[PDB]
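Worksheet: the structure to be examined is printed underneath.
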Amino acid sequence: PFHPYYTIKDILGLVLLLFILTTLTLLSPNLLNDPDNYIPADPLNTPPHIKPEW
Amino acid sequence: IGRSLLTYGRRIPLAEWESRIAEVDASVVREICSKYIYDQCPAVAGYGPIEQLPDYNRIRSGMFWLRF
Ligand SMILES: CCCCCCCCCCCCCCCCCC(=O)OC[C@H](COP(=O)([O-])OCC(O)COP(=O)([O-])OC[C@@H](COC(=O)CCCCCCCCCCCCCCCCC)OC(=O)CCCCCCCCCCCCCCCCC)OC(=O)CCCCCCCCCCCCCCCCC
Ligand SMILES: CCCCCCCC/C=C\CCCCCCCC(=O)OC[C@H](COP(=O)(O)OCCN)OC(=O)CCCCCCC/C=C/CCCCCCCC
């Protein structure tokens with residue numbers, strides 16, 4: 001049966017995901033960040049180096 | 001007679017049994033049932049088409065109430 005086995009197993013998985021998410025949010029927030037999106041939009045100039053989200 | 005002299009060392013007369021029965025009351029039942037049944041691990045045996053016999057964890061969790 002799904003309960004109790006996979007209930008606790010998925011809860012463990014969620015705890016792990018939250019640990020990773022917190023470390024990414026507080027300890028190293030700029031790891032995946034892109035500087036070129038901290039410049040507001042300019043319809044007359046495309047920047048030389050273009051790169052979407054990963 | 002035989003079984004009694006082996007187990008008890010003595011014959012227990014019906015009068016003594018009656019006196020012992022008269023002392024039980026709902027409070028005694030509550031107490032002693034709690035003393036032997038409540039939140040205990042059981043022994044289980046099954047024979048037959050027993051696919052639907054609950055899992056052991058599900059049976060163990062049935063030995064206590066969350067609302068108590
Ligand atoms: C989000 C992310 C999602 C993705 C995540 C991904 C990963 C997920 C992985 C995990 C997945 C898990 C899946 C679920 C597994 C479920 C397993 C299961 O059901 O097992 C069945 C399990 C197996 O037993 P069984 O074989 O079925 O045998 C049945 C027997 O009857 C057994 O009899 P028993 O006596 O042993 O147990 C019966 C009793 C056992 O429980 C109890 O007696 C109490 C348990 C502990 C205390 C909890 C009290 C909560 C009270 C409500 C909230 C108020 C708190 C105080 C604050 C007041 C504020 C004014 O439980 C009940 O009767 C059920 C209800 C218990 C609560 C009573 C209140 C009901 C109304 C709820 C809504 C209230 C809204 C308004 C609130 C006020 C205004 C804000 O038995 C159950 O019945 C389990 C009960 C589980 C109850 C869970 C309650 C959760 C909700 C709480 C309230 C939420 C709202 C809060 C609002 C804000 C105010 C605080
Ligand atoms: C917000 C970030 C939090 C980060 C930290 C980690 C979060 C995740 C942690 C795990 C959360 C688990 C939630 C789901 C409930 C899991 C229950 C569990 O594993 O135990 C099973 C067990 C079922 O009992 P059995 O033994 O199987 O049956 C007995 C039958 N006689 O669950 C229970 O205890 C059910 C009874 C209810 C327990 C309490 C449920 C949660 C709510 C309680 C607090 C109420 C106030 C909530 C307020 C929230 C804010 C407004």
Side-chain angles (χ1 to χ4, degrees):
Chain A
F2 185 89
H3 177 70
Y5 295 103
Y6 287 107
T7 281
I8 189 64
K9 199 166 174 174
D10 281 354
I11 285 165
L12 173 58
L14 172 57
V15 155
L16 289 165
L17 175 132
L18 288 169
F19 174 73
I20 289 174
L21 177 62
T22 35
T23 47
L24 196 61
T25 295
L26 290 166
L27 206 65
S28 275
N30 298 304
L31 186 71
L32 312 178
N33 222 304
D34 179 13
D36 279 69
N37 218 37
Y38 289 59
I39 297 138
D42 182 359
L44 292 191
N45 285 87
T46 309
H49 296 284
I50 283 288
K51 198 199 52 75
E53 201 66 34
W54 72 266
Chain B
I1 294 165
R3 189 197 72 256
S4 199
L5 264 65
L6 296 183
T7 51
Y8 295 135
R10 76 179 172 101
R11 190 89 190 282
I12 296 177
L14 285 167
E16 182 174 345
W17 287 128
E18 219 290 300
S19 73
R20 277 180 204 291
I21 291 170
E23 290 172 338
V24 182
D25 63 14
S27 187
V28 170
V29 167
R30 259 166 292 118
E31 174 182 353
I32 285 179
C33 290
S34 304
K35 180 180 174 185
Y36 294 87
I37 302 179
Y38 187 86
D39 196 15
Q40 304 287 349
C41 311
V44 186
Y47 186 31
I50 53 166
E51 191 152 84
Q52 208 205 59
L53 178 68
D55 182 77
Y56 184 89
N57 276 309
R58 298 292 283 256
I59 292 178
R60 180 53 179 89
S61 289
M63 300 294 286
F64 70 80
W65 266 351
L66 287 169
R67 63 185 181 263
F68 184 56

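Both ligands and their constituent atoms are indexed starting at 1 by order of listing. Naming: A, B, ... by sequence-line order, numbering from 1 per chain.
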Can you confirm, on distance only, whether ligand 2 has an N/O atom lying under 3.5 Å from any N/O atom belonging to A:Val15?
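Between A:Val15 and ligand 2 (N or O atoms, distance only) the closest approach is not under 3.5 Å.
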Among all protein non-hydrogen atoms, which one is nearest to [atom], and what is the separation to 0.1 Å?
| atom | result |
| --- | --- |
| atom 31 (N) of ligand 2 | B:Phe64 O, 2.9 Å |
| atom 20 (O) of ligand 1 | A:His3 NE2, 3.8 Å |
| atom 8 (C) of ligand 1 | A:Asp10 CB, 4.4 Å |
| atom 26 (O) of ligand 1 | B:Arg58 NH2, 4.7 Å |
| atom 4 (C) of ligand 2 | A:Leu18 CD1, 3.9 Å |
| atom 31 (O) of ligand 1 | B:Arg67 NH1, 4.1 Å |
| atom 11 (C) of ligand 1 | A:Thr7 OG1, 4.3 Å |
| atom 13 (C) of ligand 2 | A:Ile11 CD1, 4.8 Å |
| atom 27 (O) of ligand 2 | A:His3 NE2, 3.0 Å |
| atom 6 (C) of ligand 1 | A:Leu14 CD2, 4.7 Å |
| atom 32 (O) of ligand 2 | B:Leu66 CD1, 4.8 Å |
| atom 30 (C) of ligand 2 | B:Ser61 O, 3.5 Å |
| atom 45 (C) of ligand 1 | B:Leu66 O, 4.5 Å |

Check whether any protein heavy atom sits under 4.0 Å from [atom].
| atom | answer |
| --- | --- |
| atom 71 (C) of ligand 1 | no |
| atom 20 (O) of ligand 2 | no |
| atom 35 (C) of ligand 2 | yes |
| atom 35 (O) of ligand 1 | yes |
| atom 46 (C) of ligand 2 | no |
| atom 43 (O) of ligand 1 | yes |
| atom 58 (C) of ligand 1 | no |
| atom 24 (O) of ligand 1 | no |

Find out whether [X] and [Y] are in side-chain contact, i.e. whether some heavy atom of one side chain is under 4.5 Å from a heavy atom of the other.
| X | Y | value |
| --- | --- | --- |
| A:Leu24 | A:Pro29 | no |
| A:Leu16 | A:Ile20 | no |
| A:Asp10 | A:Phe2 | yes |

Counting heavy atoms not belonging to A:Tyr5, are there more than 12 under 6.0 Å from its OH?
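Count over threshold, so yes.
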Looking at B:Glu16 and B:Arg10, does any basic side-chain N land under 4.0 Å from a carboxylate oxygen?
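Looking at B:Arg10 together with B:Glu16, the answer is yes, because their closest N to O distance falls below 4.0 Å.
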Any ion pair linking B:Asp39 and B:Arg60 (charged N to carboxylate O, less than 4.0 Å)?
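So B:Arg60 pairs with B:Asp39 through a salt bridge.
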If I compare all heavy atoms of [X] with all of [Y], which pair ends up nearest, and what's the gap?
| X | Y | value |
| --- | --- | --- |
| B:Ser4 | B:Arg11 | OG-CA, 3.7 Å |
| B:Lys35 | B:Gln40 | O-NE2, 4.3 Å |
| B:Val28 | B:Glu23 | CG2-O, 4.3 Å |

Donor-acceptor contact below 3.5 Å, side chain [X] vs main chain [Y]:
| X | Y | result |
| --- | --- | --- |
| A:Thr22 | A:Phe19 | yes |
| A:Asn30 | A:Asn33 | no |
| B:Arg58 | A:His3 | yes |

Between B:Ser61 and B:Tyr56, is a side-chain contact (heavy atoms from CB on, under 4.5 Å) present by the stated rule, with each step listed?
CA-CA 9 Å; B:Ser61 289; B:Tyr56 184 89; over 6 Å; no
